[PDB]
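Here we start with a single chain on its own, the form deposited without the partner chain, put down as structure tokens.
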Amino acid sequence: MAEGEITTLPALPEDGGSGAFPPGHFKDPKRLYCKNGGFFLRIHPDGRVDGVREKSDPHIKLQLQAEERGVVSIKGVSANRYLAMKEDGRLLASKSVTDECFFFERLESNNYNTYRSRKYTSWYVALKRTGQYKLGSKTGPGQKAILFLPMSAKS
């Protein structure tokens, strides 16, 4: 019965209350659930970024934070490392947060979200269909792998 994380997850608290983009829900971690192939993102301790269906993996607990305006700093709790994109397309994590760790979160009207790379706005973060990280060069429009659905771990 406990098959899951903690506290009933099926729920939609705060239906709105005027407030969705500004700070107001970045106090608790958020599970990044990808709609393409239904896969959750998970930063391995080795920095290798991948994805797994096990929604119980206590490693999927990524600590996200808001910064400036529209930008968001991602951080790993167990991995204790900040996500960072490379120049060729290899995605990995590190202990120090460099300017190559931000991601513009463009929320669309489909309740979904798209994390675009900053140092390289010519690509977006998207996984494949086996939990592998799609190269930053093979990523682009057309693929729905950019539709993310971060669920806040409130209740």
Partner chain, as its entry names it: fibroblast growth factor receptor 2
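Positions refer to the first chain, counted from 1.
Just so it is clear, the following notes concern the form solved in complex with the partner chain, a form of the same protein that is not shown.
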Partner contact for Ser94 in the bound PDB entry: the partner chain, 4.5 angstroms, heavy atom: no
Close approach of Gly37 to the partner chain in the bound PDB entry, 4.5 Å, heavy atom: yes
Partner contact for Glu100 in the bound PDB entry: the partner chain, 4.5 angstroms, heavy atom: no
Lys27: touches the partner chain in the bound PDB entry, heavy atom cutoff 4.5 angstroms: yes
